[PDB]
Amino acid sequence: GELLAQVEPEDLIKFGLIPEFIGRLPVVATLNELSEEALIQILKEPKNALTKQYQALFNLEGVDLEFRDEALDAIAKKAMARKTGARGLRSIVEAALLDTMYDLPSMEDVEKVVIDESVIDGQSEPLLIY
Amino acid sequence: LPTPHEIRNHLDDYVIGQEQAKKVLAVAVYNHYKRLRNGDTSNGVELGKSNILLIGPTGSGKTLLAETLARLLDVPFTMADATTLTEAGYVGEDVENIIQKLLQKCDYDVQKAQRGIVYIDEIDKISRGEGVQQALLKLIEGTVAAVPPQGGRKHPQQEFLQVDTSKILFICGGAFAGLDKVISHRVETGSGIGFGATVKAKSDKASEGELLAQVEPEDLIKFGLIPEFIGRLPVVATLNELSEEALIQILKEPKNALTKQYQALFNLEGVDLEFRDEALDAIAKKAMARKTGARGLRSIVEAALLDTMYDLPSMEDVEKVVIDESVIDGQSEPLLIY
Amino acid sequence: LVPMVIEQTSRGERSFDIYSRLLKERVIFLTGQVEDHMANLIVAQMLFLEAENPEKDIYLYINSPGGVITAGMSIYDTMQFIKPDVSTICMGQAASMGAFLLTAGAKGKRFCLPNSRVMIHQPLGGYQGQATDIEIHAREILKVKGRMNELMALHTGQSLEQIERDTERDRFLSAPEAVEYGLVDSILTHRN
Amino acid sequence: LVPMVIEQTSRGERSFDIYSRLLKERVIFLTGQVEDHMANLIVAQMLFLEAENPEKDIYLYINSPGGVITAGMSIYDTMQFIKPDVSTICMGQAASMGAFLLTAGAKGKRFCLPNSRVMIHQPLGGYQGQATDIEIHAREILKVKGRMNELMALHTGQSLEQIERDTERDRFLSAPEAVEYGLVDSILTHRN
Amino acid sequence: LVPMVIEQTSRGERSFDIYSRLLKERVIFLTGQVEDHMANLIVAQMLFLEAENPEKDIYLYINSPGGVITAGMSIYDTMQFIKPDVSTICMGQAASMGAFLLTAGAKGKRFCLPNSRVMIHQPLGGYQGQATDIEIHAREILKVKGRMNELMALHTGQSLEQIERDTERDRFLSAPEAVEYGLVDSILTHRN
Ligand SMILES: Nc1ncnc2c1ncn2[C@@H]1O[C@H](COP(=O)(O)OP(=O)(O)O)[C@@H](O)[C@H]1O
């Protein structure tokens with residue numbers, strides 16, 4: 001970010017693009033790596049957000065999933081380090097919820113499961129309500 | 001076959017400040033077309049091709065001068081870069097690929113392709129690959145290159161179209177930044193470090209204009225060009241520089257001037273555009289510091305007009321729009337008239 | 001011995017001496033007793049850097065106890081002649097001649113380390129021979145004294161009378177005291 | 001004779017002297033009597049390594065019987081200026097200046113070998129001349145004595161009064177004794 | 001240790017010592033006491049530059065407290081013998097032999113820095129032996145004295161009588177005084 005904005009035709013030619021092709025494309029729209037704040041919105045604001053996807057998944061089993069506001073910040077921080085953009089979010093969620101998902105069907109008396117920032121770090125286990 | 005003077009007049013419309021270079025290309029291109037025009041060849045003498053070598057700074061108008069001539073005299077135009085062909089592996093297929101690109105524009109007509117004008121740039125980079133120059137000189141000297149007939153799934157060796165490059169005009173442009181020092185050493189005093197030396201590196205580069213005009217074959221070999229390649233480029237045209245004032249003129253004086261292009265876009269929208277002279281110096285000054293020549297002018301203007309272009313269609317009651325030097329800086333907003 | 005260093009460039013890895021590597025970054029080291037031989041070497045370094053880039057500044061690191069006036073004066077005239085500004089930094093100490101070169105640096109670019117000691121004194125010399133010759137040499141060294149005091153006053157900003165009185169005998173100035181006197185401008189305590 | 005070593009790199013085999021090879025690993029050797037020329041060389045190495053990586057820590061191996069104070073201050077000021085933490089290790093011995101540079105290292109990164117010998121004493125100097133000149137130089141060395149004691153108290157953590165008493169005469173401290181005094185932090189007995 | 005500088009051109013990159021890099025620009029450095037060995041080296045540089053280009057001017061930077069007269073004449077005769085005009089710039093000072101070579105430069109191409117000191121005196125010599133041999137050597141040094149005065153008068157433009165009275169004893173001169181005397185043509189203060 002702040003480096004691609006200074007892109008010029010000479011650098012594109014070195015990449016392999018034909019010079020005539022570059023000249024024919026005067027408009028250049030350069031995107032920037034999503035910020036922590038931007039990733040937090042994608043986690044909950046979209047209708048098909050990652051959090052809503054797992055919530056529907058848990059609801060199909062008879063349990064409701066709740067995500068704390070602090071947890072979203074931690075997930076966004078881990079996703080930014082991965083450098084995989086939005087796709088990085090799924091990696092963090094699957095890892096944190098790997099243990100509970102494996103044992104949640106076998107477990108009984110579990111009506112609600114809650115995740116917080118500490119769970120994202122991995123030191124703590126997903127909170128279970130009985 | 002217009003006279004060289006007429007050709008120079010056409011170039012003056014779109015290119016300004018390089019009148020001397022236009023004269024060299026006008027006479028050189030006129031001779032090339034005269035030879036093609038004089039296809040009868042009644043005289044026993046066989047006419048020889050003359051290839052030009054353009055030496056100028058970046059964004060000085062070398063590329064623009066090539067296609068502009070083609071616009072006057074309809075001919076196919078193609079451009080190539082030495083860095084693309086420095087691979088040194090199977091160079092034969094890429095040199096013929098250039099004319100193939102040229103053949104596309106001319107409807108794959110061998111006769112039309114021969115009359116086409118080819119352009120190259122950044123020749124200084126290869127000077128030091130030495131091997132790359134060995135293959136390049138053959139293309140300038142003249143060589144028959146086979147090309148497939150207008151693509152196709154496959155075709156036999158018989159159907160392959162062969163176009164002679166001896167009748168094609170080649171312009172090997174370049175920007176020799178370090179050659180000026182070599183000329184000063186040969187022509188001026190050979191002192192650059194001492195008290196009496198000239199180290200006035202003010203970035204003006206005004207002396208560079210007349211200094212590069214004294215280019216001779218001796219300074220080129222010092223740069224690394226082999227003598228055989230230099231011999232195939234008898235004509236030499238030198239561009240001096242694009243000054244800050246010259247950039248201001250390029251913004252409006254050309255026919256398809258940058259300001260006119262943006263002005264027309266706003267005119268159809270329903271609001272006219274006015275470019276104050278104060279705004280012009282700000283744009284020209286930015287380009288000089290950035291070292292983009294005329295190239296950066298388009299980017300600087302688009303960025304300044306990007307915000308207004310987004311809101312002007314949605315907004316209304318803007319009878320007229322005005323721009324000033326403050327707007328170029330970014331602190332101010334383009335003035336709106338109601 | 002001097003330790004060699006490697007510099008990465010587009011061509012490839014290149015080997016440079018520790019001093020030569022810093023010279024590439026416009027850094028000149030003034031070390032030891034000032035003499036004609038080392039002074040001409042510093043002069044050559046300055047002229048070379050001027051040609052490469054007359055706009056960029058030059059950094060002279062001074063750690064010396066002083067020396068010959070003629071040799072030191074060849075460095076001063078070179079600094080003023082060349083267009084690029086010559087920044088002077090004092091490391092360890094800057095005696096009479098080292099202090100003159102230090103204060104001779106570009107205005108606003110003279111620096112001094114916090115523990116550096118700047119000492120200034122008047123010229124010292126001697127001659128043996130006939131009385132007529134002694135008169136000739138005595139007048140010359142006195143003229144040199146006024147010349148050095150005149151220039152020192154210009155750079156420091158103090159009056160000629162004050163410089164004459166202060167430099168009549170050895171005067172040691174710490175890095176902060178030098179700032180008030182005008183020999184230097186700022187103290188480089190820590191990198192910011 | 002300094003031996004040459006081969007280093008395997010991506011570009012290919014490279015030849016370095018034993019001292020330059022260690023410099024590549026951020027190791028600077030401070031050996032022998034401290035003086036202007038050796039000190040400027042060490043200063044050049046610190047600045048060179050700062051540019052390469054200002055985050056990594058630099059190491060200084062001190063085995064010296066002391067030397068000039070002004071030359072030492074150039075090294076001390078450079079260490080505090082640059083961002084990288086300078087780790088000081090005492091090999092063999094560390095006298096007055098070597099000890100001052102040893103304790104001047106980064107808090108927590110000062111080390112000493114088990115059989116090392118550290119000695120700290122007050123500054124020693126002399127001047128011959130007129131009584132007026134003696135008073136000038138006598139005041140200057142006393143200022144340096146106070147300044148050196150003030151800095152040692154800061155790094156060691158001992159009171160200023162205690163330092164004056166101990167540094168009045170030569171005091172020899174072993175590696176364990178130095179840890180208690182505060183000159184060093186820990187001892188490097190064996191590789192872990 | 002002279003530093004190494006890299007010259008970059010299209011053909012490639014070359015490493016030269018600081019003195020050799022300036023030699024390519026027709027700059028010869030005259031430093032220290034004049035003698036046969038150093039003078040022979042300067043002579044070789046003049047012949048080498050003459051061969052490369054007999055039209056370009058040659059620069060000579062002089063900073064020397066005089067020396068052997070015979071060694072100096074080799075440099076002086078060589079400068080006049082070769083077609084290229086040899087420019088002379090005085091840095092620091094120019095004593096008896098240095099001043100003779102300074103004023104010997106091409107008319108209109110003799111310069112001096114503002115703070116340079118120029119001193120001119122008659123030859124110095126001595127002989128021990130028989131009275132007959134003394135007369136031979138005494139006549140020789142007097143012939144050398146008259147010859148040097150004649151040449152100095154020619155370059156300076158002053159009368160022979162005036163040069164004899166002035167050179168009887170040491171006569172220190174300044175850069176402005178040298179201009180009016182005729183030893184130099186102009187003063188280089190700032191590049192403009
Ligand atoms: N005198 C000029 N008038 C108008 N445009 C110019 C002029 N000089 C350069 N340009 C612009 O520069 C661009 C070409 O830049 P480039 O090919 O990178 O270098 P060069 O200008 O040396 O060929 C063209 O698009 C052209 O619009």
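Here is the naming used below: chain letters follow the sequence lines, and residue numbers restart at 1 for every chain. FYI, side chains are in, hydrogens and waters are out, and symmetry mates aren't considered; it's all heavy atoms of this structure.
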Whatever's closer than 4.5 Å to a heavy atom in chain E on C/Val43 counts as side chain
Pair count under 4.5 Å, heavy atoms only, with chain C: among E/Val5, E/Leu22, E/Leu188, highest is E/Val5
In this structure, CD1 of E/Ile62 is separated from OG of C/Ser74 (nearest 0.5 Å) by 13.5 Å
Applying a strict 4.5 Å limit to non-hydrogen atoms, the region of C/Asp17 in contact with chain E is side chain
- Are C/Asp133 and E/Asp170 side-chain neighbours, meaning at least one heavy-atom pair lies under 4.5 Å? no
Whatever's closer than 4.5 Å to a heavy atom in chain E on C/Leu41 counts as both
Note: vs chain C, highest number of non-hydrogen pairs under 4.5 angstrom among E/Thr31, E/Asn192, E/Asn115, E/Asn63 is E/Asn115
NZ of C/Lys24 to CD1 of E/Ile6, rounded to nearest 0.5 Å, is 7.5 Å
- Do C/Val144 and E/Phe172 have side-chain heavy atoms sitting under 4.5 Å apart? no
dist C/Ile69:CD1 -> E/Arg117:CZ (nearest 0.5 Å) comes out at 11.5 Å
Turns out that what part of E/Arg191 lies under 4.5 Å from chain C's heavy atoms comes down to both
Applying a strict 4.5 Å limit to non-hydrogen atoms, the region of C/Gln130 in contact with chain E is side chain
Does E/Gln80 CD have over 12 foreign heavy atoms under 6.0 Å away? yes
Margin query: Side chains of C/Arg14 and E/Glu13, heavy atoms from C-beta outward: is any pair under 4.5 Å?
Written below: yes
All heavy atoms of E/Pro114 vs all of C/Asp77, minimum pair found to be CG-OD1, 3.8 Å
dist C/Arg147:CZ -> E/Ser174:OG (nearest 0.5 Å) comes out at 9.0 Å
If one checks every heavy atom of C/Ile82 against chain E at 4.5 Å, the contacting part turns out to be neither
In this structure, CE of E/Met91 is separated from CG of C/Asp36 (nearest 0.5 Å) by 9.5 Å
- prompt: Would the number of heavy atoms belonging to other residues, nucleotides or ligands and lying under 6.0 Å from CD of C/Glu164 be above 12?
  reply: no
Is it true that atom CZ of E/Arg169 has more than 12 heavy atoms of other residues, nucleotides or ligands lying nearer than 6.0 Å? yes
Heavy-atom closest pair (C/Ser20 atom, E/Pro3 atom, distance to 0.1 Å) is OG-CA, 3.7 Å
Can you establish whether the number of heavy atoms outside E/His37 located under 6.0 Å from its atom NE2 is more than 12?
no
Whatever's closer than 4.5 Å to a heavy atom in chain E on C/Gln45 counts as both
The interface call for C/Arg139 against chain E, heavy-atom contacts under 4.5 Å, is neither
Any chance NZ of C/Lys143 has more than 12 other-residue heavy atoms, nucleotides or ligands included, within less than 6.0 Å? yes
Whatever's closer than 4.5 Å to a heavy atom in chain E on C/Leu47 counts as side chain
Applying a strict 4.5 Å limit to non-hydrogen atoms, the region of C/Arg21 in contact with chain E is neither
Interatomic distance, CG@E/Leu30 vs CG@C/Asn40, rounded to 0.5 Å, equals 9.0 Å
